[PDB]
>>> print(open('input_21.txt').read())   # compact mmCIF, C-alpha atoms
# COMPACT_ATOMS: atom_id res chain seq x y z
CA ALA A 1 96.60 93.95 106.41
CA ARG A 2 98.46 96.94 104.95
CA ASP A 3 100.63 97.57 101.87
CA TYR A 4 103.15 100.38 101.51
CA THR A 5 106.64 101.18 100.31
CA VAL A 6 110.01 102.10 101.82
CA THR A 7 112.83 103.84 99.93
CA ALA A 8 116.29 102.34 100.54
CA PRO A 9 119.40 104.54 100.76
CA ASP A 10 120.40 103.85 97.14
CA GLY A 11 116.92 104.87 95.96
CA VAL A 12 115.49 101.36 95.41
CA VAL A 13 111.83 101.22 96.49
CA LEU A 14 110.85 98.19 98.59
CA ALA A 15 107.35 96.76 98.67
CA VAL A 16 106.41 96.25 102.33
CA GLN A 17 103.40 94.57 103.98
CA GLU A 18 102.07 94.34 107.51
CA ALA A 19 99.68 92.09 109.35
CA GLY A 20 98.92 91.25 112.95
CA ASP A 21 98.77 93.90 115.65
CA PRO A 22 100.40 97.25 114.72
CA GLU A 23 101.25 97.79 118.42
CA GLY A 24 102.51 94.26 119.02
CA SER A 25 106.10 93.08 119.27
CA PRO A 26 107.50 93.26 115.71
CA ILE A 27 108.77 90.37 113.63
CA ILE A 28 110.37 91.13 110.25
CA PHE A 29 110.36 88.25 107.76
CA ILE A 30 113.06 88.19 105.05
CA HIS A 31 112.51 85.74 102.22
CA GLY A 32 115.05 83.87 100.08
CA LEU A 33 116.17 83.62 96.49
CA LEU A 34 113.29 83.72 93.93
CA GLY A 35 110.81 84.27 96.77
CA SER A 36 108.64 87.19 97.84
CA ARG A 37 106.39 88.11 100.78
CA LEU A 38 104.10 85.28 99.55
CA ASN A 39 106.45 82.73 101.09
CA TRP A 40 105.28 83.72 104.56
CA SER A 41 101.53 83.16 104.13
CA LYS A 42 101.27 80.35 106.69
CA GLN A 43 102.87 82.59 109.32
CA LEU A 44 100.77 85.67 108.51
CA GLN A 45 97.53 83.69 108.50
CA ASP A 46 98.05 81.99 111.87
CA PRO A 47 95.75 83.43 114.56
CA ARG A 48 98.38 82.47 117.14
CA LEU A 49 100.89 84.95 115.68
CA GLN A 50 98.36 87.83 115.29
CA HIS A 51 99.32 89.62 118.51
CA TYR A 52 102.72 90.32 116.98
CA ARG A 53 103.38 93.07 114.43
CA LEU A 54 104.08 90.94 111.35
CA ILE A 55 106.18 92.73 108.75
CA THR A 56 107.16 91.29 105.37
CA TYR A 57 108.80 92.80 102.29
CA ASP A 58 110.10 91.86 98.86
CA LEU A 59 113.91 91.80 98.53
CA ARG A 60 115.49 94.01 95.92
CA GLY A 61 115.23 92.25 92.57
CA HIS A 62 112.17 90.29 93.72
CA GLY A 63 108.39 90.48 93.79
CA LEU A 64 107.17 94.09 93.45
CA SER A 65 110.31 95.73 94.82
CA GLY A 66 112.65 97.74 92.62
CA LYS A 67 114.90 95.83 90.24
CA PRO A 68 118.01 97.82 89.30
CA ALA A 69 119.84 96.66 86.19
CA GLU A 70 123.40 97.11 87.53
CA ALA A 71 125.02 93.93 88.88
CA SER A 72 126.87 96.11 91.37
CA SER A 73 123.51 96.99 92.98
CA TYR A 74 123.36 93.33 94.12
CA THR A 75 126.95 92.08 94.52
CA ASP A 76 127.56 94.43 97.45
CA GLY A 77 125.95 92.62 100.41
CA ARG A 78 125.73 95.96 102.22
CA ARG A 79 122.99 97.14 99.84
CA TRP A 80 120.67 94.37 101.00
CA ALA A 81 121.55 95.04 104.63
CA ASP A 82 120.73 98.71 104.05
CA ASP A 83 117.34 97.72 102.61
CA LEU A 84 116.61 95.86 105.85
CA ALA A 85 117.87 98.80 107.94
CA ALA A 86 115.59 101.15 106.01
CA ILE A 87 112.56 98.98 106.75
CA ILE A 88 113.49 98.77 110.47
CA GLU A 89 113.71 102.56 110.52
CA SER A 90 110.65 103.41 108.43
CA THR A 91 108.36 101.10 110.35
CA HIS A 92 109.80 102.44 113.63
CA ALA A 93 109.95 98.76 114.58
CA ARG A 94 111.02 98.55 118.22
CA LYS A 95 113.56 95.77 118.82
CA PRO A 96 112.19 93.50 116.07
CA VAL A 97 113.01 89.85 115.80
CA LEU A 98 114.42 89.08 112.32
CA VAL A 99 113.43 85.86 110.53
CA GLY A 100 115.57 85.16 107.47
CA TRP A 101 115.06 82.31 104.99
CA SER A 102 118.09 81.11 102.99
CA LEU A 103 119.41 84.25 101.17
CA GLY A 104 117.53 86.15 103.87
CA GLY A 105 119.95 84.67 106.41
CA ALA A 106 122.85 86.20 104.50
CA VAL A 107 121.05 89.54 104.54
CA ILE A 108 120.82 89.23 108.37
CA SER A 109 124.54 88.44 108.61
CA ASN A 110 125.37 91.49 106.51
CA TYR A 111 123.03 93.61 108.63
CA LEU A 112 124.71 92.35 111.81
CA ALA A 113 128.14 93.08 110.32
CA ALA A 114 127.30 96.65 109.36
CA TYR A 115 124.90 97.72 112.13
CA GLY A 116 125.39 95.26 114.99
CA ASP A 117 122.43 93.98 116.97
CA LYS A 118 121.50 96.84 119.31
CA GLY A 119 118.50 97.59 117.09
CA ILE A 120 116.99 94.10 117.20
CA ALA A 121 115.82 91.57 119.81
CA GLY A 122 117.04 88.37 118.14
CA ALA A 123 117.21 86.53 114.83
CA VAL A 124 116.03 83.25 113.43
CA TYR A 125 117.97 81.82 110.45
CA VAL A 126 115.60 79.50 108.64
CA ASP A 127 117.68 77.26 106.39
CA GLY A 128 119.87 80.31 106.21
CA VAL A 129 122.83 80.79 104.01
CA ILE A 130 125.81 81.08 106.36
CA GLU A 131 128.55 81.19 103.73
CA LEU A 132 128.29 80.53 100.03
CA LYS A 133 130.97 77.80 99.98
CA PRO A 134 130.93 74.24 98.61
CA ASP A 135 131.20 72.78 102.11
CA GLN A 136 127.88 74.47 102.97
CA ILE A 137 125.90 74.53 99.69
CA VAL A 138 124.50 71.46 97.89
CA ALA A 139 125.93 70.89 94.42
CA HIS A 140 123.45 71.35 91.56
CA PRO A 141 125.56 72.40 88.62
CA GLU A 142 122.87 71.91 85.93
CA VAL A 143 120.14 73.80 87.81
CA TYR A 144 122.36 76.62 89.00
CA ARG A 145 123.61 77.14 85.42
CA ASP A 146 120.19 76.83 83.80
CA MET A 147 118.33 79.17 86.15
CA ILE A 148 120.61 82.08 85.07
CA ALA A 149 120.84 81.11 81.38
CA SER A 150 120.14 83.58 78.59
CA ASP A 151 117.92 81.07 76.76
CA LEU A 152 114.35 81.70 77.85
CA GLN A 153 113.08 78.13 78.16
CA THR A 154 116.28 77.01 79.88
CA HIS A 155 116.02 79.88 82.35
CA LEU A 156 112.40 79.14 83.22
CA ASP A 157 113.04 75.37 83.43
CA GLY A 158 115.98 76.12 85.76
CA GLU A 159 113.82 78.28 88.04
CA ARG A 160 111.17 75.54 88.17
CA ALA A 161 113.81 72.96 89.13
CA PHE A 162 115.22 75.30 91.79
CA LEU A 163 111.76 75.83 93.29
CA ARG A 164 111.26 72.02 93.45
CA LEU A 165 114.57 71.82 95.34
CA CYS A 166 113.15 74.21 97.94
CA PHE A 167 110.98 71.42 99.43
CA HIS A 168 111.13 67.91 100.75
CA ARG A 169 107.37 67.86 101.46
CA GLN A 170 106.17 69.30 98.12
CA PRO A 171 103.39 71.88 98.36
CA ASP A 172 100.05 71.28 96.70
CA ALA A 173 99.99 71.98 92.97
CA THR A 174 98.20 75.30 93.24
CA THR A 175 100.62 76.65 95.86
CA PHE A 176 103.54 75.49 93.73
CA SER A 177 102.08 77.26 90.68
CA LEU A 178 101.68 80.53 92.67
CA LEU A 179 105.29 80.35 93.88
CA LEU A 180 106.46 79.42 90.35
CA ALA A 181 104.89 82.56 88.81
CA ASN A 182 106.19 84.51 91.82
CA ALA A 183 109.73 83.28 91.12
CA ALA A 184 109.44 84.38 87.46
CA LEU A 185 109.13 87.97 88.67
CA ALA A 186 112.72 87.93 89.92
CA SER A 187 115.24 90.07 88.05
CA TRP A 188 117.64 88.20 85.77
CA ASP A 189 120.26 90.86 86.61
CA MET A 190 119.81 90.07 90.29
CA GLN A 191 120.01 86.32 89.64
CA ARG A 192 123.36 86.50 87.83
CA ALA A 193 124.81 88.87 90.42
CA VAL A 194 123.64 87.33 93.69
CA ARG A 195 126.10 84.43 93.20
CA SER A 196 128.84 86.99 93.91
CA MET A 197 127.14 88.81 96.79
CA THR A 198 129.50 89.43 99.69
CA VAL A 199 128.45 87.79 102.98
CA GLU A 200 130.10 88.89 106.22
CA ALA A 201 128.96 85.90 108.24
CA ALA A 202 132.09 85.68 110.39
CA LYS A 203 131.89 89.30 111.44
CA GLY A 204 128.10 89.53 111.86
CA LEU A 205 127.52 86.22 113.62
CA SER A 206 130.53 86.22 115.88
CA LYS A 207 129.74 89.64 117.33
CA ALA A 208 126.05 89.04 118.04
CA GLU A 209 124.76 89.05 121.65
CA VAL A 210 121.05 88.80 120.96
CA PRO A 211 119.64 85.31 120.83
CA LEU A 212 120.11 83.44 117.58
CA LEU A 213 118.14 80.37 116.52
CA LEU A 214 119.01 78.27 113.46
CA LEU A 215 116.08 76.17 112.24
CA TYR A 216 116.86 73.86 109.27
CA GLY A 217 115.15 71.05 107.45
CA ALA A 218 117.47 68.04 107.72
CA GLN A 219 116.77 67.16 104.11
CA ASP A 220 117.45 70.65 102.73
CA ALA A 221 118.50 70.08 99.10
CA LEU A 222 120.01 73.54 98.63
CA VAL A 223 121.81 74.50 101.82
CA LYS A 224 123.80 71.77 103.63
CA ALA A 225 122.07 71.85 107.03
CA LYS A 226 124.54 70.27 109.42
CA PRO A 227 127.66 71.90 107.93
CA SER A 228 126.00 75.33 107.87
CA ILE A 229 124.85 74.96 111.49
CA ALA A 230 128.31 73.77 112.52
CA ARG A 231 130.02 76.69 110.79
CA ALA A 232 127.65 79.15 112.46
CA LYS A 233 128.14 77.60 115.91
CA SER A 234 131.91 77.72 115.33
CA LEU A 235 131.55 81.46 114.85
CA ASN A 236 129.10 81.99 117.71
CA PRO A 237 128.85 79.22 120.32
CA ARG A 238 125.68 80.69 121.83
CA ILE A 239 123.65 79.85 118.70
CA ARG A 240 120.88 77.33 119.31
CA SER A 241 119.71 75.07 116.49
CA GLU A 242 116.95 72.64 115.61
CA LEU A 243 116.75 70.15 112.76
CA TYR A 244 113.36 69.29 111.28
CA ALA A 245 113.99 65.68 110.29
CA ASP A 246 111.38 65.45 107.54
CA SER A 247 111.57 68.96 106.10
CA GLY A 248 113.69 70.33 103.32
CA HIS A 249 114.70 73.91 102.58
CA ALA A 250 111.34 75.51 103.49
CA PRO A 251 110.21 74.23 106.95
CA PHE A 252 107.97 77.30 107.51
CA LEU A 253 105.82 75.93 104.64
CA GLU A 254 106.49 72.21 105.15
CA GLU A 255 105.86 72.05 108.92
CA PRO A 256 104.04 75.33 109.55
CA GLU A 257 102.41 74.46 112.88
CA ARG A 258 105.75 73.40 114.34
CA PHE A 259 107.51 76.39 112.81
CA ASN A 260 105.00 78.89 114.16
CA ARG A 261 105.24 77.30 117.60
CA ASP A 262 109.05 77.53 117.53
CA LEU A 263 108.93 81.11 116.25
CA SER A 264 106.47 82.35 118.85
CA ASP A 265 108.44 80.59 121.61
CA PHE A 266 111.67 82.15 120.38
CA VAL A 267 110.18 85.65 120.31
CA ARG A 268 108.69 85.22 123.79
CA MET A 269 112.07 84.09 125.10
CA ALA A 270 114.00 86.88 123.36
CA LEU A 271 111.70 89.52 124.82
CA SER A 272 112.00 88.27 128.41
CA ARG A 273 115.79 87.68 128.59
>>> encode(input="input_21.txt", output="structure tokens")
Amino acid sequence: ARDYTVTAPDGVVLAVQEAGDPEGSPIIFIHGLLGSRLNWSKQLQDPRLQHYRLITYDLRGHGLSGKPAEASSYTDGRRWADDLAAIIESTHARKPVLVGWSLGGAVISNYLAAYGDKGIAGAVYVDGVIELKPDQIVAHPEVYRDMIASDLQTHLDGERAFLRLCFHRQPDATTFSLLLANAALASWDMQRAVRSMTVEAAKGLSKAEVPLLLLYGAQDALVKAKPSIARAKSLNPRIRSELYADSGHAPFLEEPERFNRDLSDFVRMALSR
């Protein structure tokens, strides 16, 4: 495995990692809010995915990536799309498949809106944000308020509650503790701003020709699975979807064998269309 960095067009430095085969078909994994590259461990560790070029990175404001103080460095969805474009370019990734979890799905939509899909082979939205609208996002007024609060205990308690909402099948205690500390690395400036991040889902999704797969846990406690899927299919009727009946917001951790099977099958299909 390799570690390196990529500078985005606004100067933010992204922490990037690679695993698998450097000459294999690339897959770029894009994590969600309060995550980091650590979310993807069960994908990166699977021998059955090792013949792909497995690329992860930390989103701006997360993990070991740069964390600008200005809210306007986060509220413009294009900045996050440009981060992704910079990684696609720097890695010289040849028609990668994009895999975006939750906020990562919104990053893909903004990338599709700005750049189109001629540079990629397909995309998987994993419990992806489609739009940030009440008809598509589960109500949690206490948690959403607390996790951006100025009071330190309230803020940390809010993040811990949010991380619990990321699962139906809770992870073991040690994995939860790793992801909890990982979440505490996220920028408070980013957290307050990302609420207001623009998402060009209608433009990015409706124009896509590459294959798109939406994989959601049916019991997702953060993103409303069926309404998000339905909104996406309304925008692009060629989207395929799958519901994992007994997963919540993080099926790649909750049902990793099934997820890795679906992901490898999707990539194989996208590359032989």
>>> axis_aligned_box(input="input_21.txt", around="stretch 158-170 of chain A", padding_each_side="3 Å", output="AutoDock Vina command-line options")
--center_x 111.1 --center_y 73.1 --center_z 93.6 --size_x 15.8 --size_y 16.4 --size_z 21.7
>>> residues_around(input="input_21.txt", residues="residue A:64", least_positions_apart="5", cutoff="10 Å", atoms="all atoms listed in the file", output="PyMOL selection string")
chain A and resi 5+13-16+36-37+57-59+182+185-186
>>> residues_around(input="input_21.txt", residues="stretch 135-141 of chain A", least_positions_apart="2", cutoff="7 Å", atoms="all atoms listed in the file", output="count of residues only")
12
>>> residues_around(input="input_21.txt", residues="stretch 231-237 of chain A", least_positions_apart="4", cutoff="8 Å", atoms="all atoms listed in the file", output="JSON, numbers by chain")
{"A": [130, 202, 205, 206, 207, 208, 227]}
>>> atom_distance(input="input_21.txt", atom1="atom CA of residue A:241", atom2="atom CA of residue A:26")
21.9 Å
>>> closest_residue(input="input_21.txt", among="A:52, A:40, A:29, A:216", to="residue A:271", atoms="all atoms listed in the file")
A:52
>>> decode(input="input_21.txt", residues="stretch 174-192 of chain A", atoms="N, CA, C and O atoms", output="PDB file, in the first residue's frame")
ATOM      1  N   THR A 174     -14.353  -1.898  19.089  1.00  0.00           N
ATOM      2  CA  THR A 174     -13.056  -1.331  18.749  1.00  0.00           C
ATOM      3  C   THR A 174     -13.126  -0.577  17.407  1.00  0.00           C
ATOM      4  O   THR A 174     -12.599   0.537  17.273  1.00  0.00           O
ATOM      5  N   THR A 175     -13.817  -1.147  16.422  1.00  0.00           N
ATOM      6  CA  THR A 175     -14.021  -0.463  15.165  1.00  0.00           C
ATOM      7  C   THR A 175     -14.784   0.839  15.364  1.00  0.00           C
ATOM      8  O   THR A 175     -14.430   1.880  14.766  1.00  0.00           O
ATOM      9  N   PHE A 176     -15.826   0.807  16.193  1.00  0.00           N
ATOM     10  CA  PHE A 176     -16.554   2.032  16.471  1.00  0.00           C
ATOM     11  C   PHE A 176     -15.631   3.085  17.088  1.00  0.00           C
ATOM     12  O   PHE A 176     -15.661   4.253  16.688  1.00  0.00           O
ATOM     13  N   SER A 177     -14.776   2.675  18.032  1.00  0.00           N
ATOM     14  CA  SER A 177     -13.900   3.642  18.694  1.00  0.00           C
ATOM     15  C   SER A 177     -12.910   4.251  17.687  1.00  0.00           C
ATOM     16  O   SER A 177     -12.569   5.436  17.795  1.00  0.00           O
ATOM     17  N   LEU A 178     -12.425   3.462  16.724  1.00  0.00           N
ATOM     18  CA  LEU A 178     -11.492   3.969  15.706  1.00  0.00           C
ATOM     19  C   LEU A 178     -12.215   5.009  14.858  1.00  0.00           C
ATOM     20  O   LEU A 178     -11.708   6.115  14.615  1.00  0.00           O
ATOM     21  N   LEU A 179     -13.429   4.683  14.415  1.00  0.00           N
ATOM     22  CA  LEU A 179     -14.197   5.607  13.584  1.00  0.00           C
ATOM     23  C   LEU A 179     -14.652   6.840  14.365  1.00  0.00           C
ATOM     24  O   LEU A 179     -14.798   7.907  13.787  1.00  0.00           O
ATOM     25  N   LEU A 180     -14.838   6.699  15.674  1.00  0.00           N
ATOM     26  CA  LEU A 180     -15.220   7.833  16.526  1.00  0.00           C
ATOM     27  C   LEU A 180     -14.072   8.859  16.613  1.00  0.00           C
ATOM     28  O   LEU A 180     -14.266  10.062  16.409  1.00  0.00           O
ATOM     29  N   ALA A 181     -12.864   8.371  16.881  1.00  0.00           N
ATOM     30  CA  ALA A 181     -11.677   9.247  16.916  1.00  0.00           C
ATOM     31  C   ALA A 181     -11.431   9.860  15.529  1.00  0.00           C
ATOM     32  O   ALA A 181     -11.125  11.055  15.371  1.00  0.00           O
ATOM     33  N   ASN A 182     -11.608   9.035  14.496  1.00  0.00           N
ATOM     34  CA  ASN A 182     -11.500   9.467  13.119  1.00  0.00           C
ATOM     35  C   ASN A 182     -12.454  10.623  12.800  1.00  0.00           C
ATOM     36  O   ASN A 182     -12.065  11.624  12.152  1.00  0.00           O
ATOM     37  N   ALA A 183     -13.693  10.520  13.284  1.00  0.00           N
ATOM     38  CA  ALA A 183     -14.690  11.563  13.065  1.00  0.00           C
ATOM     39  C   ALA A 183     -14.280  12.847  13.775  1.00  0.00           C
ATOM     40  O   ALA A 183     -14.559  13.928  13.273  1.00  0.00           O
ATOM     41  N   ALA A 184     -13.637  12.736  14.950  1.00  0.00           N
ATOM     42  CA  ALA A 184     -13.236  13.931  15.701  1.00  0.00           C
ATOM     43  C   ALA A 184     -12.156  14.739  14.991  1.00  0.00           C
ATOM     44  O   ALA A 184     -11.946  15.905  15.342  1.00  0.00           O
ATOM     45  N   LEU A 185     -11.513  14.161  13.986  1.00  0.00           N
ATOM     46  CA  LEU A 185     -10.550  14.908  13.186  1.00  0.00           C
ATOM     47  C   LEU A 185     -11.214  15.883  12.239  1.00  0.00           C
ATOM     48  O   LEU A 185     -10.558  16.795  11.728  1.00  0.00           O
ATOM     49  N   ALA A 186     -12.503  15.717  11.975  1.00  0.00           N
ATOM     50  CA  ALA A 186     -13.142  16.582  10.966  1.00  0.00           C
ATOM     51  C   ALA A 186     -13.221  18.046  11.426  1.00  0.00           C
ATOM     52  O   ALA A 186     -13.490  18.365  12.585  1.00  0.00           O
ATOM     53  N   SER A 187     -13.011  18.933  10.469  1.00  0.00           N
ATOM     54  CA  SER A 187     -13.039  20.372  10.708  1.00  0.00           C
ATOM     55  C   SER A 187     -14.415  20.863  11.129  1.00  0.00           C
ATOM     56  O   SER A 187     -15.408  20.580  10.461  1.00  0.00           O
ATOM     57  N   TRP A 188     -14.470  21.653  12.204  1.00  0.00           N
ATOM     58  CA  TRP A 188     -15.730  22.241  12.637  1.00  0.00           C
ATOM     59  C   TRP A 188     -16.204  23.303  11.633  1.00  0.00           C
ATOM     60  O   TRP A 188     -17.409  23.558  11.503  1.00  0.00           O
ATOM     61  N   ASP A 189     -15.264  23.913  10.903  1.00  0.00           N
ATOM     62  CA  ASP A 189     -15.652  24.880   9.864  1.00  0.00           C
ATOM     63  C   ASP A 189     -16.356  24.149   8.733  1.00  0.00           C
ATOM     64  O   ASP A 189     -17.374  24.594   8.225  1.00  0.00           O
ATOM     65  N   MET A 190     -15.791  23.014   8.341  1.00  0.00           N
ATOM     66  CA  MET A 190     -16.390  22.167   7.325  1.00  0.00           C
ATOM     67  C   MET A 190     -17.780  21.731   7.785  1.00  0.00           C
ATOM     68  O   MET A 190     -18.751  21.841   7.019  1.00  0.00           O
ATOM     69  N   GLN A 191     -17.898  21.278   9.044  1.00  0.00           N
ATOM     70  CA  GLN A 191     -19.180  20.730   9.477  1.00  0.00           C
ATOM     71  C   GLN A 191     -20.319  21.745   9.419  1.00  0.00           C
ATOM     72  O   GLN A 191     -21.449  21.421   9.051  1.00  0.00           O
ATOM     73  N   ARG A 192     -20.040  22.981   9.827  1.00  0.00           N
ATOM     74  CA  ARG A 192     -21.069  24.032   9.778  1.00  0.00           C
ATOM     75  C   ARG A 192     -21.432  24.405   8.344  1.00  0.00           C
ATOM     76  O   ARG A 192     -22.593  24.708   8.037  1.00  0.00           O
TER      77      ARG A 192
END
